[PDB]
Amino acid sequence: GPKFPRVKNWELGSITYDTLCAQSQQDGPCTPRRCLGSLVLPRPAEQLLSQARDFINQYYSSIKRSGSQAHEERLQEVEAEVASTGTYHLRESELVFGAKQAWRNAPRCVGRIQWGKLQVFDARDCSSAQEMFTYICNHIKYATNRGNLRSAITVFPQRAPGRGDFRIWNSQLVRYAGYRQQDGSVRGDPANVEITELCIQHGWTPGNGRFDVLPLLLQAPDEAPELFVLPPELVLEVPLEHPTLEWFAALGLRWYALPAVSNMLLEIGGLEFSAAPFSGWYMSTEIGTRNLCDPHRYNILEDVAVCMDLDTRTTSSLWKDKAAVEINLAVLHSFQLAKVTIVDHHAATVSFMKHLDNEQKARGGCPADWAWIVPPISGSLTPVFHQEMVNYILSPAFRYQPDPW
Amino acid sequence: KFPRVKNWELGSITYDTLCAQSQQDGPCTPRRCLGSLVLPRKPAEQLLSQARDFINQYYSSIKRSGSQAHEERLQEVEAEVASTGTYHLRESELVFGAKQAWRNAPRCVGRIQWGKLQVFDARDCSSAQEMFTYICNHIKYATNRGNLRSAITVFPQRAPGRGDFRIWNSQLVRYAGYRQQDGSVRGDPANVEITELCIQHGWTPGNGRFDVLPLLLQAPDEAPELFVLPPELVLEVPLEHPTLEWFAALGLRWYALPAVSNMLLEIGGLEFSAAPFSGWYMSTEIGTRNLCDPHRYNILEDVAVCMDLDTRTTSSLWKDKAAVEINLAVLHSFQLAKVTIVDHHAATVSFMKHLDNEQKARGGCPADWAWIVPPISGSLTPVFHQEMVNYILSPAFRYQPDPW
Ligand code: HEM
Ligand code: HEM
Ligand SMILES: Cc1cc(N)nc(COC[C@H](N)[C@H](C)OCc2cc(C)cc(N)n2)c1
Ligand SMILES: Cc1cc(N)nc(COC[C@H](N)[C@H](C)OCc2cc(C)cc(N)n2)c1
Ligand SMILES: C[C@H](O)[C@H](O)[C@H]1CNc2nc(N)[nH]c(=O)c2N1
Ligand SMILES: C[C@H](O)[C@H](O)[C@H]1CNc2nc(N)[nH]c(=O)c2N1
Ligand SMILES: [Zn+2]
């Protein structure tokens, strides 16, 4: 057949061909000799202009004016601006389209059926760390919406030739502290040991609980970052209980409502937005399987298994599997009871299958990272497990970027 | 740049250098990764160079590289290729190459065992009838009354003139799939096509959910022939549950022996189109995939109803809860019938040890993360957090076309 990657769904026996991958302008880490698909993080002048043109072309297509006079005039404005200044600036509607396209383009995101529905707060006028803080509080307020979560991104000023970057130092707007103990263990979240100790070095007076919310470390151009405590009433949390295991509530477990990534770079048309925090709502397995059960995170599997009276001395009891299920169930139940938006891994992957279909017709493919899309418990019970996926980088994109310190 | 491989649970890093030894492309390019794809969409100097490479691999393994022995063997292979366009392996080389093919299989989580493989040389097979005898002896040996032992039986290689020796079945043991004129399937829907071939070639079909198929065996350029495996040869395990009494009432069962019979074994450029091999199961293959896949026996819902779960909503996690109990039934019943099996936690732990051995021994280990991480409880096992580099080394097991 066709000269494009053939893509098979083994459950349904159906076939598609990804033609969108031809649009990829950027190489990933794989070659004919070895697949590096599983690596988590594998290792301007005219350069700007050609990314800018590509982006402007994408914009005019999406509003159906390719080749139009408005299109050619915008192209000219952009080269003119790059010609005099070395850089250029997005119209408001170009930013909104680009931020949605970045999300639509994210191969690791299973919640992309939602991509068309994103509130884009334009904060390209921000000029201080105090002001970043107001913008961020406003984002959290809008996004949380007392539990009826709404997807959102707030975009701060782009990287500028020889000026410092806007950066949020924290990896998420909400994080729990990880306190290194004298015995070498960690109280709270071990994922956050470094950012915790940075908060302290910067004058935060540390708590000592398992679920202490971190302050934000916010850097405005060419300044040391400044510390800002989130008002407790802005951070919605959900205490965790199980629908039938009455003792589960006694564990004093909890998680926050709003997953908001704050340390990624949004690239649109060669422009780099180094601070552009975005948020959605949780898929339950991120909480109940990874955050609570990873051995290098809260690691609560054994404690829960002991409460359920399972045989933890032998793998073949499946004590780990049975505890994980209940922890995941408690997450779903507690969020549901609290009326905070959450999606379970079945409903999420089913909707991602629908997204794959929508995108097949719309664009002729969808870049997708199978290892991240398939949930971390019950993989083959979800339809995505059986679906081949082609992974490639399209721009606009969310990118990892080196920590500012 | 050789790839840096990181474990995200432990924070340790290694560098894969083994991949430099790869001489065959996989599906990926810098523009797109096709690692999740199940099947590859895709003269004498060629054969001669793989032959020398394999002979060198061999003498190196017995610590004898450079010896008169090594040198004269390279001369033999060269003299045989130059004259006939092909050559033949010595039995010790076959034995070494079969073990390496297994060591090199990126999709296999049970490679900790790679050195312990019984190799039956069946290259003096000249008829389907003889293939059947060898196959029977393999099953008998590998089954070993439930104390399962890894084995391979290697039939005669491909040859330029003629058709291949082939086992048409994908496994030595498979349950019939009977398509009901009204859409549905009775038995294993993965086996509809091979069931229909058997019937067409004169097999009297049954009407059960777990009817063991006969084997269709093909000697070169002959129609395949049909051979019923003696029931006492196929060990089966009735499935029951340690605490749920009604589970046994389901009538479920599964065969002891996983024996793959349609893959091509490639050693030193030579191709062995019929080289069935077997080990023992990991419980999730049966419990999760074979019983719970929607296009397989698909019993999730029946188990969920028997368990009295709320089936109306994904968010009760009824699927997850039934799957777990099903996997537990498999482990329990195999253990009760004293038949070798391994659960996915023990298997992935052993694979981590294998990665470490291989790093020390060879500087890397080819692994296909999507196939190594089990189909339930992925992130609960250590392999989920382990970066992996996938590439093709030879000797190798490969897919080959269906012979019909
Ligand atoms: C609407 C609800 C959403 C759901 C349920 C969701 C779901 C997910 C999940 C489960 C992951 C994997 C996370 C992990 O394992 O750490 C993910 C990754 C991601 N999603 Fe979403 N998503 C949502 C909204 C968003 C939004 C609004 C954006 C940005 C505008 C976004 C962009 C991303 C990106 C960039 C990643 C990759 C993160 C990384 O590489 O670390 N998603 N998504
Ligand atoms: C001793 C116990 C063994 C265990 C527990 C084991 C485990 C597994 C598992 C779980 C798979 C994935 C199968 C699937 O999802 O369909 C697999 C694939 C494989 N194993 Fe093993 N293995 C064992 C022995 C062997 C032996 C003896 C060989 C060959 C000599 C072998 C070669 C393979 C190959 C080639 C594959 C990939 C097959 C394919 O692509 O369809 N393994 N192994
Ligand atoms: C917007 C959104 C919604 C949702 N339901 N889930 C998310 C998940 O965010 C978690 C992030 N993927 C992870 C933790 O990013 C942090 C990170 C840090 C490092 C060092 C590497 C890496 N790959 N990722 C994001
Ligand atoms: C030796 C061995 C041990 C063990 N525990 N498990 C096995 C599993 O064998 C199952 C096979 N790998 C499955 C059926 O793959 C067959 C297959 C068929 C098709 C059409 C494509 C494909 N990639 N693979 C094999
Ligand atoms: C090694 C492996 O790439 C790594 O553990 C990945 C696997 N899949 C994942 N999938 C998601 N959604 N999130 C993750 O953090 C990871 N971790
Ligand atoms: C599309 C996807 O690669 C396919 O479903 C794979 C995923 N992982 C697998 N893993 C194993 N061990 N066996 C399988 O058959 C599969 N199927
Ligand atoms: Zn790849």
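Naming convention: chains lettered A, B, ... in sequence-line order (proteins, then strands); numbering from 1 in each chain. No hydrogens, no waters, no symmetry mates; every other heavy atom, side chains included, goes into these values.
B:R111 and B:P366 make their closest contact through NH2-O, 2.7 Å (heavy atoms, listed as atom of the first residue, atom of the second, distance). Nearest heavy atom pair, residue B:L229 against residue B:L213, reads CD1-O, 4.2 Å.
Side-chain atoms of B:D211 come within 3.5 Å of backbone N or O of B:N207 as a donor-acceptor pair. Between the side chain of B:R123 and the backbone N or O of B:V154, no donor-acceptor pair lies under 3.5 Å. At least one donor-acceptor pair closer than 3.5 Å links the side chain of B:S333 to the backbone N or O of B:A329. Checking side-chain atoms of B:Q100 against main-chain N and O of B:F96 turns up no donor-acceptor pair under 3.5 Å. Of the possible polar contacts, one joining the A:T382 side chain to the A:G379 backbone as a donor-acceptor pair under 3.5 Å is found. Side-chain atoms of B:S150 do not come within 3.5 Å of backbone N or O of B:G279 as any donor-acceptor pair. No donor-acceptor distance shorter than 3.5 angstrom exists from the side chain of B:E222 to the backbone of B:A219, with no hydrogens or angles considered. Listed for the B:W280 side chain is no donor-acceptor partner under 3.5 Å among the backbone atoms of B:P258. The closest donor-acceptor contact from the side chain of B:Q400 to the backbone of B:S273 lies under 3.5 Å. Side chain of B:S261 to backbone of B:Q171: a donor-acceptor contact under 3.5 angstrom is found.
Residues satisfying the ring pair (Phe, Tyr, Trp, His ring centres under 6.0 Å) test with B:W102, not counting sequence neighbours, are none. Scanning for side-chain hydrogen bond (donor to acceptor under 3.5 Å, both in side chains) contacts around B:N137 gives an empty result, with sequence neighbours left out. Legend: residues meeting side-chain hydrogen bond (donor to acceptor under 3.5 Å, both in side chains) with A:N9, ordered by chain and number and at least two apart, are A:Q387. Applying the ring pair (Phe, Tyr, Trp, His ring centres under 6.0 Å) rule to B:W371 yields no partners; only residues at least two apart in sequence or on another chain are considered. The ring pair (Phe, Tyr, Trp, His ring centres under 6.0 Å) test applied to B:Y87 returns no partner, not counting sequence neighbours. Judged as a side-chain contact (heavy atoms from CB on, under 4.5 Å), and not counting sequence neighbours, the contacts of B:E271 are B:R158, B:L264, B:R398. Residues forming a ring pair (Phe, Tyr, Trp, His ring centres under 6.0 Å) with A:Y17 (at least two apart in sequence, or on another chain): none.
No close placement of the B:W254 and B:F334 rings is indicated, their centers lying 6.0 Å or farther apart. Annotation: B:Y141 is not in aromatic contact with B:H138 [ring centroid separation under 6.0 Å not met].
Sorted by first and then second residue, the salt bridge (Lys or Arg N to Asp or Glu O under 4.0 Å) pairs involving residues 292-309 of chain B (not counting sequence neighbours) are B:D188-B:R296, B:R289-B:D293. Residue pairs meeting the salt bridge (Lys or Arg N to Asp or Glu O under 4.0 Å) criterion with at least one partner in residues 144-155 of chain B, sequence neighbours excluded, do not occur; the list is empty. For residues 189-223 of chain B, the ring pair (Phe, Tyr, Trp, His ring centres under 6.0 Å) pairs, not counting sequence neighbours, are B:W168-B:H201, B:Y175-B:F210, B:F210-B:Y297.
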message: Run the salt bridge (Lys or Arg N to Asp or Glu O under 4.0 Å) test on B:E196 and B:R179 for me, step by step, so that the C-alpha distance in whole Å, both residues' side-chain angles and the decisive distance to 0.1 Å come before the verdict.
response: CA-CA 9 Å; B:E196 292 173 345; B:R179 171 151 50 218; 3.5 Å; yes

- prompt: Where do B:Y134 and B:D124 land on the side-chain hydrogen bond (donor to acceptor under 3.5 Å, both in side chains) test, with the steps shown first?
  reply: CA-CA 10 Å; B:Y134 275 107; B:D124 66 324; 2.7 Å; yes

- request: Starting from the C-alpha separation in whole Å, work towards a yes-or-no answer on side-chain hydrogen bond (donor to acceptor under 3.5 Å, both in side chains) for B:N169 and B:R174.
  value: CA-CA 8 Å; B:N169 311 51; B:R174 294 270 75 192; over 6 Å; no

task: Test side chain to side chain contact (heavy atoms under 4.5 Å, CB included) on A:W10 and A:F385 and set out the steps.
output: CA-CA 9 Å; A:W10 289 81; A:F385 179 106; over 6 Å; no

task: Check step by step if side chain to side chain contact (heavy atoms under 4.5 Å, CB included) holds for B:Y178 and B:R209.
output: CA-CA 9 Å; B:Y178 305 113; B:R209 310 182 71 188; over 6 Å; no

query: Is there a side chain to side chain contact (heavy atoms under 4.5 Å, CB included) between A:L356 and A:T16 once you walk through the steps?
result: CA-CA 10 Å; A:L356 289 179; A:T16 63; over 6 Å; no

task: Quick one: do B:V260 and B:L172 satisfy side chain to side chain contact (heavy atoms under 4.5 Å, CB included)? Show the steps, please.
output: CA-CA 7 Å; B:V260 169; B:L172 296 186; over 6 Å; no

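With 3.5 Å as the limit, one finds no donor-acceptor pair spanning the side chains of B:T284 and B:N327. Using a 3.5 Å distance cut-off with no hydrogens or angles, the side chains of B:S394 and B:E266 do pair a donor with an acceptor. With 3.5 Å as the limit, one finds no donor-acceptor pair spanning the side chains of B:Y391 and B:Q24.
The CD1 atom of B:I376 sits 10.0 Å away from atom CD1 of B:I326, with the distance rounded to the nearest 0.5 Å. Atom OG of residue A:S317 and atom NE2 of residue B:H332 lie 13.5 Å apart, to the nearest 0.5 angstrom. The distance from atom OG of B:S127 to atom CZ of B:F165, rounded to the nearest 0.5 Å, is 8.0 Å. Here B:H241 contributes atom NE2 and B:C306 contributes atom SG; the two are 12.0 Å apart, rounded to the nearest 0.5 Å. Once rounded to the nearest 0.5 Å, the distance linking SG of A:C35 with CH2 of B:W369 reads 12.0 Å. For the atom pair OG (B:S283) and CG (B:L328), the distance works out to 9.5 Å, reported to the nearest 0.5 Å.
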Identify all side-chain donor-acceptor contacts of residues 112-119 of chain B below 3.5 Å with residues at least two apart in sequence or on another chain.
none

Below 3.5 Å, can you tabulate the donor-acceptor pairs from side chains in residues 336-350 of chain B to any protein atom, sequence neighbours excluded?
unit_1 : atom_1 : unit_2 : atom_2 : d
B:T340 : OG1    : B:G146 : O      : 3.1
B:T340 : OG1    : B:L148 : N      : 3.1
B:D343 : OD1    : A:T315 : OG1    : 3.4
B:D343 : OD1    : B:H345 : N      : 2.9
B:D343 : OD1    : B:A346 : N      : 2.8
B:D343 : OD2    : A:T315 : OG1    : 2.6
B:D343 : OD2    : A:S316 : N      : 3.2
B:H344 : NE2    : A:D321 : OD2    : 2.9
B:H345 : NE2    : A:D321 : OD1    : 2.5
B:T348 : OG1    : B:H344 : O      : 2.8
B:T348 : OG1    : B:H345 : O      : 3.3
B:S350 : OG     : B:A347 : O      : 2.9

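Salt bridge status for B:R162 with B:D221: absent, with no side-chain N to carboxylate O gap under 4.0 Å. Taking 4.0 Å as the cut-off between side-chain N and carboxylate O, A:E388 and A:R6 do not count as a salt-bridged pair.
For B:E245, the CD atom counts as loosely surrounded, since its 6.0 Å shell holds 12 or fewer non-hydrogen atoms of other residues, nucleotides or ligands.
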